[PDB]
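Undergrad:
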Amino acid sequence: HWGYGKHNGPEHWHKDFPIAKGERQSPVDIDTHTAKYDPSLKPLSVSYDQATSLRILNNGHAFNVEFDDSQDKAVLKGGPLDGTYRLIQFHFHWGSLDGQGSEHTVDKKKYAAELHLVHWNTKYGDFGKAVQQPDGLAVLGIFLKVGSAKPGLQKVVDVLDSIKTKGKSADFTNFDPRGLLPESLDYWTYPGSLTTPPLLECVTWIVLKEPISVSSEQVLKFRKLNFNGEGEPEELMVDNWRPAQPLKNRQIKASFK
Ligand SMILES: CC(=O)O[C@@H]1[C@@H](O)[C@@H](O)O[C@H](COS(N)(=O)=O)[C@H]1OC(C)=O
Ligand SMILES: [Zn+2]
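With the authors' numbering applied, the sequence shown corresponds to residues 4 to 260, in that order.
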């Protein structure tokens, strides 16, 4: 099926998923001098105090830390968002080298990786229904640069050995996503899509201005994961990012000057 290699990668997706060439695809390049400051944007509210993590899973495309979303335990509100969006999982995209890995770019600059915290609009009742709506999801995107270690990331790094290959999962309770946030919540926002098949155009993207720093040793451990399942030839899980798509008829708004 689909992947990130020469023969099944982003260039090929449109054949099974024609929406790949659609009206509001992600990610995009964020041209910082074209984005418009919008004073009508309310403050962004990230309420992760009661967050309940459950499990970490290698699905062959990335790894996901999954959350109990049966109640309003961890929610995103405010900013460009109307209503309440519940945290369902977070995952990362990263590169084979420190100079690439992010999905969004900032004035064409690629970061070593990108963290995505996926939330769904509670008005639609469940995640499956939400992805069929133009305002069904809100994904908070955070850039990673290589520098000093991120303490809040280490617990994730430590468990990757136990989910090396496709299909593996491990218990991952009591993880606090607040430890992955930068100091500032300044952001850009635009309407877009999922960055993997089925590429549904259901996402309000909120991308933070301030990157978090992770150590080279930390990102190196991401690159030791496998796309393949156990007992198959090793294909390192690296460069699992879609490149920037055309902005087309969209405007990127900024929460800051
Ligand atoms: C659970 C799962 O497969 O999560 C996916 C995940 O593991 C990854 O490949 O990234 C995908 C796209 O999400 S993104 N980049 O925020 O648009 C995910 O799809 C979905 C639907 O969340
Ligand atoms: Zn993602």
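We put the beta carbon where it would ideally sit given N, CA and C, even for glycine.
Starting from the N-terminal side, write out each stretch of the beta strand (DSSP E) that is 3 residues or longer and does not extend beyond the segment 140-172.
TA: 140-149
Undergrad: Under the three-state reduction of DSSP, which class applies to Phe178: helix, strand or coil?
TA: DSSP places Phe178 in coil when its eight states are reduced to three.
Undergrad: For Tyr40 and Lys260, I'd like the C-alpha separation in whole angstroms.
TA: 6 angstroms
Undergrad: Going by alpha carbons, who is nearest to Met240 out of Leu57, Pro249 and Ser99?
TA: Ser99
Undergrad: What is the residue span of the beta strand (DSSP E) that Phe70 lies within?
TA: Counted as a single uninterrupted DSSP element, the beta strand (DSSP E) harbouring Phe70 occupies residues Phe66 to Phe70.
Undergrad: Alpha carbon to alpha carbon, what distance is there between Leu140 and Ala133?
TA: Roughly 6 angstroms separates the two Cα atoms.
Undergrad: For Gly131 and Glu69, I'd like the C-alpha separation in whole angstroms.
TA: Looking at the two C-alpha atoms, the distance is approximately 15 angstroms.
Undergrad: Which same chain residues end up closer than 7 angstroms to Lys126 when comparing Cβ atoms and leaving out the 5 residues on each side of it in sequence?
TA: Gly86
Undergrad: Taking a contact to mean a Cβ-Cβ separation below 8 angstroms, would you say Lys24 touches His17 in this structure?
TA: Going by beta carbons, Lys24 and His17 fall inside the 8 angstroms limit.
Undergrad: Can you tell me whether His64 sits near ligand 1, meaning its C-beta is under 7 angstroms from at least one heavy atom of the ligand?
TA: yes
Undergrad: Suppose only complete runs of 4+ residues qualify. What are the alpha helix (DSSP H) ranges in the segment 184-254, listed by chain order?
TA: 219-225
Undergrad: Tell me, to the nearest whole angstrom, how far the beta carbon of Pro194 is from that of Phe20; I am working on the premise that it is less than 8 angstroms.
TA: That pair is no contact at about 18 angstroms.
Undergrad: Between the segment 223-237 and the segment 180-189, do at least 3 Cβ pairs fall closer than 8 angstroms?
TA: no
Undergrad: What number of angstroms, rounded off, separates the C-alpha of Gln136 from the C-alpha of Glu204?
TA: 8 angstroms
Undergrad: Among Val222, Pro154, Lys167 and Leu143, which has the Cα closest to the Cα of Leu211?
TA: A check of alpha carbon separations from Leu211 across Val222, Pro154, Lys167 and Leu143 identifies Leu143 as the nearest.
Undergrad: Please check the pair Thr207 and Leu84, which I expect to be a contact at CB under 8 angstroms, by giving their CB distance rounded to whole angstroms.
TA: 6 angstroms
Undergrad: State the CB to CB distance for the pair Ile59 and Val162, rounded to an integer number of angstroms; the pair is presumed to be in contact (CB under 8 angstroms).
TA: Contact flag correct, Cβ pair sits at about 6 angstroms.
Undergrad: To the nearest angstrom, how far is the alpha carbon of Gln157 from that of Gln254?
TA: If you take the alpha carbons of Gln157 and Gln254, they lie about 36 angstroms apart.
Undergrad: Counting C-beta neighbours from all protein chains within 10 Å, is the total for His36 16 or more, i.e. buried, or is it exposed?
TA: exposed
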